[PDB]
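Each answer follows from the model by the rule given with it, or from the source it names; no laboratory read-out is quoted. Cβ atoms come from the backbone with ideal geometry, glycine included; neighbour counts cover every protein chain shown.
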Amino acid sequence: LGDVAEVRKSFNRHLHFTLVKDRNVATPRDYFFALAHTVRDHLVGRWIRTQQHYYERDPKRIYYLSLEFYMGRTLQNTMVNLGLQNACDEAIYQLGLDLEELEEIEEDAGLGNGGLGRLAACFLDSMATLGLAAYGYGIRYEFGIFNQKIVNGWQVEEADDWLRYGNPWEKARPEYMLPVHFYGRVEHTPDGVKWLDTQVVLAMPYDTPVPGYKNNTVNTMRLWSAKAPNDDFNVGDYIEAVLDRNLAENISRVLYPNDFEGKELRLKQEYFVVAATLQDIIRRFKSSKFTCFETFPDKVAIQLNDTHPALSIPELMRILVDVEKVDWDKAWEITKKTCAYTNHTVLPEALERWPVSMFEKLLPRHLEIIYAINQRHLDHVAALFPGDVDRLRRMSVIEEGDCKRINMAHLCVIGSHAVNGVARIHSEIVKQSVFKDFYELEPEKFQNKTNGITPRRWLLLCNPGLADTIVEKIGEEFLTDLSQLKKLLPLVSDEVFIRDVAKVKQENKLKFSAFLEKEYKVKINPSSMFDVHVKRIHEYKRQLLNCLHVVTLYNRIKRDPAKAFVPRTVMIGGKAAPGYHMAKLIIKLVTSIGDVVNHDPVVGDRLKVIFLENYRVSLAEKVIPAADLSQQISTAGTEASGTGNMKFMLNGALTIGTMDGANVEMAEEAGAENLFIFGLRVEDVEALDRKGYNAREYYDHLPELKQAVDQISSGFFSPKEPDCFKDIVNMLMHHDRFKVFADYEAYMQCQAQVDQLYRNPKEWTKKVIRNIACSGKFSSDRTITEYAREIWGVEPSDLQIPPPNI
Ligand SMILES: Nc1ncnc2c1ncn2[C@@H]1O[C@H](COP(=O)(O)O)[C@@H](O)[C@H]1O
Ligand SMILES: *Cc1c(COP(=O)(O)O)cnc(C)c1O
């Protein structure tokens, strides 16, 4: 291989010319950067051609607007999409360095927070792999969300300085800079509408390449960085200047801030993307090779990932009507046609709203436009449904209450040609209840796009073991098209293949066990069940339900210490919101139970509790390839979809969960007999809510529940602070809105079936091979082809990029 040789040549010249350092003064970070730069060079060749090919063969451009972009680590994905993974592994070894060591040096891209963020990052790869003409638009947050640190068993927020040493992937484009306008006043001149006396913030773009698997199509991600305009002056004009400089800087500083009026910043953040993005979008349309804006809805697609970029609608109206001199009605039919919405937040309350006063002050022009839109619309409603006063209020963009407020979700539907849902079941609720009146008027608008996960990151990267077990028995083709996993369905009875499936899982379990032993300092039993419950630390996610399970499990080994019980390694990961009092207590409860269960000799190795500190995109790639059991035990009627569960199924993990969200469509895809479904279903939940839930009906009338709960309340797990979980008890007893005790029995007797199925080796791995065979639907490429066809009006892989030279 001359590849292995070539990688070694460029690494040295990068270290010597780009980094300007010799091996004698180079840190492992200097070694990562030199490697990262070598891998980036191979992307550049495609990138330049891909972006010039789009200018040349002018296709319709897709624009994914999102605040969240949970990208994670780039190096590994980049060299796998380039096939150099093996050549680099050999070349890095040849330089007396470990690739795995360098990969761990790389920081997590502090651009996401949860499911919405990863959704974006997966989608971005799929569009690239499917040869699409797409772009990712977002904010270049400098400090991300935060780093989780468990101090004395509690969560401590640490600042994420992931840009301290700088990203070796992103390329700054200060020449493509744009102005974002704020505050000021409006004026109606004979020429047009003019927005003057405005405060200006600079938008500086940073582009990061998005490579496609195998294909020469490498897209671009434009993330904007807030900067302030430069310059006689007094103290009053010095202090305001130095303050304004910094205030602009904290727009692209931290994701989802609280500060209490850090609300205006969150609004400012949204308009910073919207304005910057759209000006750049339009610029590309008019800067295209060879009255002008008629071809706009045929050459531009704008997907509004949740209510965050809801301002794109009145902003596009603004730019077209006030700047481009376009007719309102012409520009409005364009707006509707060039905009598509997606709703993740189920039930009409988590739906984003903003006071009119706050809009009156910050975006006075956008308010006029929104007011105008929410009239030409209401008048059309008064045409179809005359005299219906209560429909008008139910459908208005402007809401009433303690003060007038603009419902951004209404504006998203009124302004979009297609509104979609994340899961079939969820999507129906969006139609039938969330936007009931908008649905009747236009049912053809409302759609569904079931979410997906990229098979490269969530399989080829993290679990190459399981991948190669499918590669030689099917052929690589399954990586392009995931539905080809049903081709291994007749291998449910193949004797040589079944043991080779568990061979991979165990070869992964040991690697993660070593990580667990080294980092957390606990004796890990690899022969035990790898129970996992990694997600947002929230009450509706029911982390406490899994707690109660391990409490009874601990008491069962204390009751019958002789009994040969099924060994486990209960893993609960995730992060609590900084203000969330209850979720912080929940993290403490897990650590309190662990400091009891792990530090006990009667228990030994048949039970280990371990809270996963700093659950990220990098950590998920470690835990999921080595996980036996997967928990998605959320209260039914809450989880809309969820993408986590999908990563497990593909990596050979039996899921436990209620009949809600992604669980419904998985049990539909693989059969409810092949998944540990338990607890109340949506209607039973509805019925219990009709009954009027009481906790004492469950606490007084149970043996091992009473024990487990009065253990927590007594302070059996917090001996030095016996009243530590007072608020946890008081909740589960009086103000528990996610019926935790109502699914206690159901969860445990379900867990008994889980316990017995794992007692048998072949029948567990047989039920597992069903899950891997049915995961095909849950491909991100499937969702992207569905967006490209049912919404964006584009042909997948119709425009392919040829191999260039120099
Ligand atoms: N006049 C032009 N001739 C050839 N390529 C261009 C031109 N303008 C832009 N491009 C391509 O488009 C990319 C950057 O422009 P944009 O797509 O507008 O961000 C570069 O990769 C260029 O190769
Ligand atoms: C996949 C993923 C999620 C989403 O999982 P859910 O169960 O849908 O909440 C969240 N966070 C990280 C870091 C992930 O990798």
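When you look at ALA672, is it assigned by CATH to the domain that holds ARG536, within 29 Å of the chain's Cα centre (by Cα) and more than 22 Å from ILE429 (Cα to Cα), yes or no? So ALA672 passes the test. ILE92: β-branched (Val, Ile, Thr) and outside any helix (DSSP H, G or I), yes or no? Against the criterion (β-branched (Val, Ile, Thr) and outside any helix (DSSP H, G or I)), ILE92 does not qualify. When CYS339 is tested against (1) more than 25 Å from the chain's Cα centre (by Cα); (2) closer than 30 Å to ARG283 by Cβ, only condition (1) is not met. If you go through region 52-84 and keep only what is outside any loop (DSSP other than H, G, I, E, B), crowded, with 19+ Cβ neighbours inside 10 Å and of a type outside the set (A, V, I, L, M), you end up with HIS53, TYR54, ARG61, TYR63, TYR64, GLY72, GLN76, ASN77, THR78. Report, by residue number, each residue of region 545-591 that is surrounded by fewer than 23 Cβ atoms within 10 Å (Cβ to Cβ) and in a strand (DSSP E or B). Answer for region 545-591, where residues must be surrounded by fewer than 23 Cβ atoms within 10 Å (Cβ to Cβ) and in a strand (DSSP E or B): just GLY573. Per this entry, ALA128 is not counted among residues that are within 16 Å of ligand 2 (Cβ to nearest atom), within 24 Å of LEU304 (Cα to Cα) and in a helix (DSSP H, G or I).
Pairs linking a residue in region 525-536 that is assigned by CATH to the domain that holds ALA620 and within 12 Å of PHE512 (Cβ to Cβ) to a residue that is in a loop (DSSP other than H, G, I, E, B) and aliphatic (A, V, I, L, M), with Cβ atoms under 6 Å and 6 or more positions apart or on different chains, are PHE530/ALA627; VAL532/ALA627. Evaluating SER483 against the criteria (1) in a helix (DSSP H, G or I); (2) assigned by CATH to the domain that holds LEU116; (3) hydroxyl-bearing (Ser, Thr, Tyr) leaves one unmet condition, (2). Looking across region 206-223, the residues that are over 20 Å from the mean Cα position of the chain (by Cα) and either assigned to a loop (DSSP other than H, G, I, E, B) or within 16 Å of ligand 2 (Cβ to nearest atom) (or both) come down to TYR213, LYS214, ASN215, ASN216, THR217.
Identify all residues within region 355-381 that are surrounded by 15 or more Cβ atoms within 10 Å (Cβ to Cβ) and either farther than 18 Å from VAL413 by Cβ or among the acidic types (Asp, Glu) (or both); write none if there are none.
From region 355-381, those surrounded by 15 or more Cβ atoms within 10 Å (Cβ to Cβ) are 355-356, 358-359, 362-374, 377-378, 381; that's our starting set.
Scanning region 355-381 gives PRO355, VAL356, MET358, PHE359, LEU362, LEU363, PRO364, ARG365, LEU367, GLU368.
Pairs linking a residue in region 486-514 that is under 16 Å from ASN674 (Cβ atoms) to a residue that is crowded, with 16+ Cβ neighbours inside 10 Å and basic (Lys, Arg), with Cβ atoms under 8 Å and 6 or more positions apart or on different chains, are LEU489/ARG770; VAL492/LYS766; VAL492/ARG770; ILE498/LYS766.
Quick one: which residue in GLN51, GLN85, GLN76, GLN94 is of a type outside the set (A, V, I, L, M, F, W, C) and in contact with a strand residue (DSSP E or B) (Cβ under 8 Å, 6 or more places away or on another chain)? Testing whether each residue is of a type outside the set (A, V, I, L, M, F, W, C) and in contact with a strand residue (DSSP E or B) (Cβ under 8 Å, 6 or more places away or on another chain) leaves just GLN51.
Quick one: would you say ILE48 is surrounded by fewer than 18 Cβ atoms within 10 Å (Cβ to Cβ), within 16 Å of ligand 1 (Cβ to nearest atom) and not in a loop (DSSP other than H, G, I, E, B)? Judged against the criteria, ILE48 is a match. Candidates are the residues of region 181-222 that are polar (S, T, N, Q) and away from ligand 1 (no atom under 13 Å from the Cβ); the one that is surrounded by the fewest Cβ atoms within 10 Å (Cβ to Cβ) is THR189. Here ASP329 passes the criteria (1) under 19 Å from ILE373 (Cα atoms); (2) in contact with a helix residue (DSSP H, G or I) (Cβ under 7 Å, 6 or more places away or on another chain) except the one numbered (2). Among strands (runs of 3 or more DSSP E) entirely within region 622-722, having at least 1 residues that are among the β-branched types (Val, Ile, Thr) singles out 654-659, 676-681. If you check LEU351, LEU304 for being within 27 Å of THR643 (Cα to Cα) and touching a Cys at 6+ places or on another chain (Cβ under 8 Å), only one passes: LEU304. Annotation for region 276-294: no member residue is within 16 Å of ligand 2 (Cβ to nearest atom), under 28 Å from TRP354 (Cα atoms), touching a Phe, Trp or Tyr at 6+ places or on another chain (Cβ under 8 Å) and in the same structural domain as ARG318 (by CATH).
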